[PDB]
Structure formats: C-alpha cells, structure tokens
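>>> generate coordinates for the sequence data below:
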Amino acid sequence: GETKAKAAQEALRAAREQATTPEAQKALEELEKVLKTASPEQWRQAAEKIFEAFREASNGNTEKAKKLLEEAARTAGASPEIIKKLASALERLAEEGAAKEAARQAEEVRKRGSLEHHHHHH
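Numbers count the residues shown, from 1 in each chain. Let me share the structure:
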C-alpha cells in the first residue's frame, strides 16, 4: 500500500488551502471537479504539472505555470473552461507576491502525504 495516490490528491488539495487569494481558492476547485471523475493513473500525471504551476508562478513564471496547467488538464481529459479558470489564478499568483504557506504545506506531502485522514465529527 503506497502513499503516491494520497500525495497526488494532497498536492492539489494543499494548493487550494495555501492559495493566499479567494479568486485562486475557487479557481483550483474547478479543475478538481473534473479530476474527481478522472482516472487514478492520469491523476498522478496531472497533479505533478498542476502543482508545478503554483511553484513556477510564485517564482514569477505565470507563462510557464499556465502551460503546466494546460498540460495536466489535457492529460486528465479536462475542459477548456476549467483550464482557463485555474490558469487565471497562476497569472495573479506571480503579481500577488507568492504564497509563503505553500512551502510548509508541501513538507507534509514530501514526508508522508498527511499526518491525519480525518478527526472532526462534533
């Protein structure tokens, strides 16, 4: 039983948590509605470029990050309508001045995936 499946979902999920602007948080959710229907093999192939885009755009690579976003979407079989929705968040992420929480949010995914599956019930 391998953590690679958890780490792929957790890459995009953490990107929606760490996104410092409300316009990015809703835009990342758009891709995930398609990936919820997408195949687990393609999910790893996609989440790699999806999460690389946020790494590039925060370093000032809006033009590269948008291309990674398109590449992952075309790999997962996703819509031009979600591609533009998510990729627009990368165009602001460069001028927004990066998302410093991404660095510590990625440490969980690098070490294990996550510390916990769920805990809240009451």
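>>> list the helices and strands the longest helix belonging to the chain packs on?
Longest among the helix segments of the chain by residue count, using DSSP state H, is helix 40-58. Where contact means 3 or more Cβ pairs under 8 Å, 6 or more residues apart in numbering; DSSP states H and E, helix 40-58 is packed against helix 4-18, helix 22-35, helix 62-76, helix 80-95, helix 101-111. The C-beta positions use only the backbone N, C-alpha and C, and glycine is treated the same way.
>>> name the nearest residue to residue 76, sequence neighbours excluded.
Excluding its sequence neighbours, the residue lying closest to residue 76 (Cβ to Cβ, 6 or more residues apart in numbering) is residue 46, at 4.0 Å.
>>> rewinding a little: buried stuff in the longest helix of the chain?
Buried residues in helix 40-58, counting neighbours by 16 or more other Cβ atoms under 10 Å, are found at 42-47, 49-58.
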